[PDB]
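Peer 1: For the protein sequence lines, the chains are E and R, in the order given. full-length UniProt numbering puts the last residue of the first sequence at 229; the count rises by one with no breaks. So the second sequence is residues 6 to 77, 207 to 473, counted in full-length UniProt numbering. All C-beta atoms, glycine included, are put in the ideal place defined by N, C-alpha and C.
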Amino acid sequence: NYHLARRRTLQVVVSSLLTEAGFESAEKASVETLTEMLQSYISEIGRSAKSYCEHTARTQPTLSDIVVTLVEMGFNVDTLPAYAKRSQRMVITXXXXXXXXXXXXXXXXXXXXXXXXXXXXXXXXXXXXXXXXXXXXXXXXXXXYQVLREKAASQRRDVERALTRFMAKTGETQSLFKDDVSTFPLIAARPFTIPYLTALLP
Amino acid sequence: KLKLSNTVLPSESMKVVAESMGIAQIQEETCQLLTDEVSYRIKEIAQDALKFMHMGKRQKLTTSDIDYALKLXXXXXXXXXXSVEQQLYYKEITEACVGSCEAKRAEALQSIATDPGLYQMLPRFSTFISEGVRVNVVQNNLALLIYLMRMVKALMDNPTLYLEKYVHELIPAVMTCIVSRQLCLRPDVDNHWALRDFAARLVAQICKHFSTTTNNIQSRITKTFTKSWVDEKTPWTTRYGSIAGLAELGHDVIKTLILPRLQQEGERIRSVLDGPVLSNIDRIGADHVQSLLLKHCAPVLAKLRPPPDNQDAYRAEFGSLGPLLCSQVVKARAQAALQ
């Protein structure tokens with residue numbers, strides 16, 4: 028796709044030479060076909076001079092080389108100064124266009140860790156660890172001794188008071204004040220038949 | 006498993022092309038075998054240009070290729215989704231989102247927008263990003279706001295990381311950034327308007343991708359801003375964020391919406407302007423808001439109406455738009471003359 032603009036630039040040169048001629052209208056496909064003919068004529072010059080100045084062992088095609096090329100390719104060069112009166116003096120030169128840029132970026136992690144490790148070659152760029160390598164997650168140490176046994180004993184106290192509240196509101200209840208179902212609802216007495224088998228039983 | 010019959014041109018068309026030069030009265034089998042022969046040479050050359058481009062090693066065939074062809207029991211403890219490495223990379227991401235050095239800022243922004251295949255320092259990242267949004271909405275701090283909103287922008291342009299499944303804890307943080315009460319200081323509400331502009335711009339970047347489905351995007355955000363615009367006795371930050379979000383939805387959106395809201399919001403203008411005794415915070419706020427949304431709404435009716443009869447167009451727009459609407463129409467005519 029991106030090649031095409033030079034070809035349409037040649038089409039602009041075609042339109043410039045038609046303007047110097049003075050055609051008001053044209054046939055578009057014929058115009059572009061003539062443009063193709065023009066670029067093939069350019070390349071025909073280039074092939075001719077290419078294989079022609081390889082007849083020297085050195086390369087560089089000079090002026091008289093191209094003179095003999097164009098006379099070989101059929102042109103009276105004597106009109107070339109006079110056509111200068113038409114060419115660079117009656118048609119305005121069009122300018123080229125090429126908009127190239129190199130954008131900026133930054134992705135700074137901090138990990139290389141192997142510059143030229145064992146396959147040593149100091150022409151590379153190690154990416155990171157943030158993409159290539161990986162690791163392992165255990166993520167739960169929690170080993171704070173006194174804090175641990177605080178957790179356990181506090182939880183034991185919780186289960187104490189929980190079962191206390193449960194059988195507090197469950198069974199026969201007698202209080203400390205009057206009507207403490209909220210604060211202190213002590214379980215009332217069972218008294219049962221055989222005390223010793225119960226109270227002396229590990 | 007395959008049959009390659011001869012692609013043979015209809016010989017009557019070939020006689021039409023022939024007798025276009027005016028040759029003779031032609032029999033069929035002549036042109037039939039002619040199409041055969043030319044098809045042989047064409048398909049031979051077609052194999053040949055294939056041999057070209059299967060050593061030039063592209064599967065597309067140009068004109069130039071054929072031009073060169075014409076040279077003829208307790209369970210194990212868990213492990214997170216992260217690595218330790220990439221979660222520390224994530225911590226770098228976060229503290230560069232904090233980052234005072236704008237080089238570190240832009241580094242973070244590029245690192246967001248161009249780490250495709252990351253995908254796994256996704257939602258956890260974005261999730262208590264949104265939680266930090268809520269907490270700093272409470273803290274009411276514009277710097278964290280602009281950092282997170284440009285962060286969401288860079289999230290929106292990292293093309294591989296598809297938003298769909300993880301949309302629905304992000305967009306409400308954006309709209310909470312839109313709505314109200316971004317009040318660091320009362321003389322410093324100025325940057326918050328640009329924050330709302332940038333936010334509604336982000337919503338505009340959202341809306342072009344997701345409302346094909348379930349219409350949470352278009353229908354819910356439009357009706358949100360609709361009934362939000364209906365909400366009387368609200369601070370004008372709400373009004374600005376609503377109308378700016380509707381502005382970012384598009385030309386025809388505003389063509390629907392600010393067709394009655396032209397003169398209805400002009401009634402809101404001259405309720406504000408030539409209005410109260412003194413509340414200059416709200417006066418200057420709502421005044422520049424109305425001015426901004428006026429000349430930002432202006433290209434719709436500029437594209438809609440021709441720029442004639444500015445005295446009548448002010449009557450067609452409740453006066454207060456005139457001639458700032460007419461000045462914006464002059465600016466639009468200048469922008470058209472730039473073309």
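1. For residue 1 (chain E), which beta-bridge partners are listed by DSSP?
2. Determine the direct distance from the alpha carbon of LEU107 (chain E) to that of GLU81 (chain E), and round the result to whole angstroms.
3. When you compare the CB positions of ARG113 (chain E) and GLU51 (chain E), do they come within less than 8 angstroms of one another, or not?
4. Go through the region 372-444 of chain R residue by residue and report every complete run of the alpha helix (DSSP H) that reaches 4 residues or more, in order.
5. With H, G and I counted as helix, E and B as strand and the rest as coil, what does DSSP make of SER209 (chain E)?
6. Terminal residues of the continuous alpha helix (DSSP H) containing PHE57 (chain R)?
7. Exposed or buried, what is residue 280 (chain E) when buried is set at 16 or more other beta-carbons lying within 10 Å of its beta-carbon?
8. Measuring alpha carbon to alpha carbon, tell me which of R:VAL269, R:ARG402, R:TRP370 ends up nearest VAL323 (chain R).
9. Which residue marks the beginning of the alpha helix (DSSP H) containing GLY266 (chain R), and which one marks its end?
10. Label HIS326 (chain R) either buried or exposed according to how many other C-beta atoms from any shown protein chain fall within 10 Å of its C-beta, with 16 as the threshold for buried.
11. Specify the secondary structure class of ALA53 (chain E) as computed by DSSP and reduced to three states.
12. Among R:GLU303, R:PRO250, R:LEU243, which has the Cα closest to the Cα of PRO293 (chain R)?
13. Using alpha carbons as the reference points, say which of E:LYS55, E:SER67, E:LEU175 lies closest to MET100 (chain E).
14. Return the first residue and the last residue of the alpha helix (DSSP H) that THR12 (chain R) is part of.
15. Taking all protein chains shown into account, decide if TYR281 (chain R) is buried (16 or more other Cβ within 10 angstroms of its Cβ) or exposed.
16. How about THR40 (chain R) and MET19 (chain R): are their beta carbons less than 8 angstroms apart?
17. Once DSSP output is grouped into helix, strand and coil, what is the label at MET26 (chain R)?
18. Which residues bound the alpha helix (DSSP H) around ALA468 (chain R)?
19. How is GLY233 (chain R) classed by DSSP in three states: helix, strand or coil?
20. Let me know the secondary structure DSSP gives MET255 (chain R) once reduced to three states.
21. Check whether the region 327-336 of chain R and the region 374-383 of chain R touch, using three or more Cβ-Cβ pairs below 8 angstroms as the test.
22. If you count every other CB in all the chains shown that lies within 10 Å of the CB of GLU199 (chain E), and 16 or more means buried, which is it?
23. Please report the straight-line C-alpha distance between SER44 (chain R) and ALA56 (chain E), rounded to a whole angstrom.
24. Whole angstroms are fine: how far does the CA of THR248 (chain R) sit from the CA of residue 478 (chain R)?
25. Taking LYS196 (chain E) and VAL186 (chain E) to be in contact with their CB atoms under 8 angstroms, please state how far apart those CB atoms are, rounded to whole angstroms.
26. Would you mind giving the Cβ-Cβ distance between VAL95 (chain E) and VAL104 (chain E), rounded to the nearest angstrom? I have them listed as a contact below 8 angstroms.
27. Take the Cβ of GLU399 (chain R) as the centre, count every other Cβ of all protein chains shown within 10 Å, and call the residue buried at 16 or more, exposed below.
28. Alpha carbons only, please: which of R:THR261, R:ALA328, R:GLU265 is nearest the one belonging to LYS299 (chain R)?
29. Helix, strand or coil for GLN316 (chain R) per DSSP?
30. Count the CB pairs spanning the region 403-420 of chain R and the region 458-468 of chain R that are closer than 8 angstroms, and state whether there are at least three.
31. From R:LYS65, R:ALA54, R:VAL218, R:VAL271, pick the residue whose C-alpha is nearest to that of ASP72 (chain R); which is it?
32. Measuring alpha carbon to alpha carbon, tell me which of R:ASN274, R:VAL271, R:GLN273, R:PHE259 ends up nearest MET285 (chain R).
33. Excluding the 5 residues flanking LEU213 (chain E) on each side, which residues of the same chain have their C-beta closer than 8 angstroms to its C-beta?
Peer 2: Once the coordinates are examined:
1. Residue 1 (chain E) falls outside the range modelled here, since chain E spans only 28 to 229, and no answer is possible.
2. If you take the alpha carbons of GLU81 (chain E) and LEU107 (chain E), they lie about 26 angstroms apart.
3. Not in contact: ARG113 (chain E) and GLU51 (chain E) (Cβ atoms no closer than 8 angstroms).
4. Positions of the alpha helix (DSSP H) runs, each at least 4 residues long and wholly inside the region 372-444 of chain R, are given as 385-406, 414-438 in order along the chain.
5. Coil at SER209 (chain E), not helix or strand.
6. Per DSSP, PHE57 (chain R) belongs to the alpha helix (DSSP H) from 33-58.
7. Here chain E comprises residues numbered 28 to 229, so residue 280 (chain E) is not present and cannot be evaluated.
8. Nearest C-alpha to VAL323 (chain R): R:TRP370.
9. Counting along the chain, the alpha helix (DSSP H) containing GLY266 (chain R) begins and ends at 258-273.
10. Burial call: buried.
11. Note: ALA53 (chain E) maps to coil in three-state DSSP.
12. Of the residues R:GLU303, R:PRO250, R:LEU243, the one whose Cα lies closest to the Cα of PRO293 (chain R) is R:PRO250.
13. Ranking the options by Cα distance to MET100 (chain E), first place goes to E:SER67.
14. Per DSSP, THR12 (chain R) lies in no alpha helix (DSSP H) and is assigned neither H nor E.
15. Counting Cβ neighbours within 10 Å, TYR281 (chain R) comes out buried, since at least 16 surround it.
16. In this structure, the beta-carbon distance from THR40 (chain R) to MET19 (chain R) falls below 8 angstroms.
17. Reduced to three states, the DSSP call for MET26 (chain R) is coil.
18. Counting along the chain, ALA468 (chain R) sits inside the alpha helix (DSSP H) bounded by residues 458-472.
19. Three-state result, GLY233 (chain R): coil.
20. DSSP places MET255 (chain R) outside both helix and strand once states are collapsed to three, so it counts as coil.
21. At 8 angstroms Cβ cutoff, the stretches touch.
22. Answer is exposed; the Cβ neighbour count stays below 16.
23. Taking the straight line from one Cα to the other gives about 26 angstroms.
24. There is simply no residue 478 (chain R) to check, as chain R begins at 6 and stops at 473 in what is shown.
25. Cβ atoms of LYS196 (chain E) and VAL186 (chain E) stay farther apart than 8 angstroms, at about 16 angstroms.
26. Wrong, their Cβ atoms sit about 10 angstroms apart, outside the cutoff.
27. It is buried - the Cβ of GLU399 (chain R) has at least 16 other Cβ atoms within 10 Å.
28. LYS299 (chain R) has its Cα closest to that of R:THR261, out of R:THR261, R:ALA328, R:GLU265.
29. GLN316 (chain R): coil per DSSP, three-state reduction.
30. The region 403-420 of chain R, when compared against the region 458-468 of chain R, does not touch it at the 8 angstroms Cβ threshold.
31. That would be R:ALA54, whose Cα lies nearest to the Cα of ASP72 (chain R).
32. The residue with the shortest Cα to Cα distance from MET285 (chain R) is R:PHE259.
33. By the criterion of a C-beta distance shorter than 8 angstroms, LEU213 (chain E) is surrounded in its chain by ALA195, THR200, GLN201, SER202, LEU203, once the five residues flanking it on both sides are discounted.
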